[PDB]
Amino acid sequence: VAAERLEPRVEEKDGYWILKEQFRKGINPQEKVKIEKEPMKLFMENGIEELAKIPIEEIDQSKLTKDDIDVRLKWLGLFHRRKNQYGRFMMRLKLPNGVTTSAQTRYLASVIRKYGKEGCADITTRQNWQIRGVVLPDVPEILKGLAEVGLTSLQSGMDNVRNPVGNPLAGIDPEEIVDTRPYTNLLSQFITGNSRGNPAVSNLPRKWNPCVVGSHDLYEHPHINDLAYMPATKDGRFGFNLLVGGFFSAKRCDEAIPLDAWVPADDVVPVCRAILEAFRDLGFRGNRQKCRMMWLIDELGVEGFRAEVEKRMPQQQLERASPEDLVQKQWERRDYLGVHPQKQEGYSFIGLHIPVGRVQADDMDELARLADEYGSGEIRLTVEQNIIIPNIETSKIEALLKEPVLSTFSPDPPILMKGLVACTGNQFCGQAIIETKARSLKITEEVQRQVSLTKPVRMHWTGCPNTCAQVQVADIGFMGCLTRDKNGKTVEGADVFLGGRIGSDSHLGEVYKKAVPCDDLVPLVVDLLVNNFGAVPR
């Protein structure tokens, strides 16, 4: 790699970070959008106030404002559903470590309730909330309402640092390695500039996913993050070994690799900043399919990239990885659904199944009520799109289990439902090839009617090759496609994936059988379960 390749390609100008004049040749259309107008200005200079007053039909008549609503608004966590729910916006939060309060949950419910049949909410595969139905004129008030209840939606889409994932059992599991909440909280504060916006990290070449590990179970999926902090003691000091570059895309899926770096626990934010600065400064900005950070690591080599991180650290110090980390490889991933004792004597948590992560306003209010009556007003989200209510006095569990709402959001659903994960799909998502959430529930129910099993088989349904529902981590994955029935008629289908493993012995699954009509999946899946996962026909 020539020295010229290492010249930073962006510069700070008037509070924002912009591509230098000599580094604009050959850039992709998204990079052009960012040059034409700085997206962060919609929040930080309150550009949203006037934009929100323009009728959407008028907005669509000019490129600048159309790009404002379809692209730039994703820096404020607002996602126009142009194709599938025209004029409505999904809104996505920052929710480090998946932690919400009952007051926040009620606020979110109040927002979606206004929109009737156009509103609902979802738990995401980054243990985050999305709300739906939002209309542009309401955006300024919703931004204010979120701030009032201690939430932000900043920098949650597009070329930004995505939700910091942690251990859903942080602070409460007798078996945790280290409480991840202080670290994911710090990361979210850093990323969003304490909810004011942080332009230094909002002009990346592409999205970037961080997680902090605190569980032997590896609930945080460090192998598929751009930056994963693996807890490790080095020379008698507590800190983290760093994995970099994990990502999924249509073109390529890659597991994170060691940076060969250990940082003291107090250097979590400094090293996040250094890595982001290197990626921002040096990453390719052409073909969008080659802009994730791993492509930079391959271009420079991991050592070349490491040197760029090192030079951006305070005092330019970046130790080599600890020979060992704290994660025990002898481990069986633990079910968190149901009632479990906490490390605090006399307290339990309860994991509740949320079918395909989908809730309505009334459901959110009920869950918030349970959290107040039984817990400490806290609701935790998981990356399997379920919930945990922590801090419940154990003597209250008997009463809790009789609550009517637990017949719907169950502490002990059938085993295949426990492991079922599904993305948005074509109900709302414009890129989706198939419907996912309703279909996946239907198929899973039919499969479980036919077979019993004891292995915790994890089934993931994703609507297109973007693989937001991570089919490559599944025991059985389903990637949406269009295919043909016996008569040559167009039908919805799935490419079926096998081989995904999670935890310490992780492995990326691969296509097993392409183009299976969705109406033909049940027998295929039943047989796979009997033949490979010990399932028994009923």
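Residue numbers run from 1 along the displayed sequence.
Undergrad: Highest mean C-alpha temperature factor of the two stretches 277-285 and 321-329, which is it?
TA: Per the deposited B-factors, the answer is 321-329.
Undergrad: State which stretch shows the higher mean Cα B factor in the entry: 248-256 or 125-133.
TA: Mean CA B-factor is higher for 248-256.
Undergrad: Out of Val451, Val271, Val178, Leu154, which one has a C-alpha B factor higher than all the others in the entry?
TA: Across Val451, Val271, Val178, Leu154, the entry lists the biggest C-alpha B-factor for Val451.
Undergrad: Check the PDB entry and point out which of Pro390, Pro314, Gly239, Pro205 has the largest C-alpha temperature factor.
TA: Spelled out: the listed residue with the top C-alpha B-factor is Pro314.
Undergrad: Where does the C-alpha B-factor of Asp475 rank in its chain, lowest, middle or highest third?
TA: Bottom third by C-alpha B-factor.
Undergrad: Going by the CA temperature factor in the PDB record, which third of the chain does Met90 belong to: lowest, middle or highest?
TA: For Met90, whose C-alpha B-factor we compare with every modelled residue in the chain, the answer is the lowest third.
Undergrad: Please say which third, lowest, middle or highest, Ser410 falls into when its CA temperature factor is compared across its chain.
TA: For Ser410, the deposited C-alpha B-factor lands in the lowest third.
Undergrad: Place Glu445 in the lowest, middle or highest third of its chain's C-alpha B-factors, as listed in the PDB entry.
TA: Highest third, going by the recorded CA B-factors of the chain.
Undergrad: Split into thirds by Cα B-factor across the chain's modelled residues, where does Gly351 land: lowest, middle or highest?
TA: Lowest third of the chain for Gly351's C-alpha B-factor.
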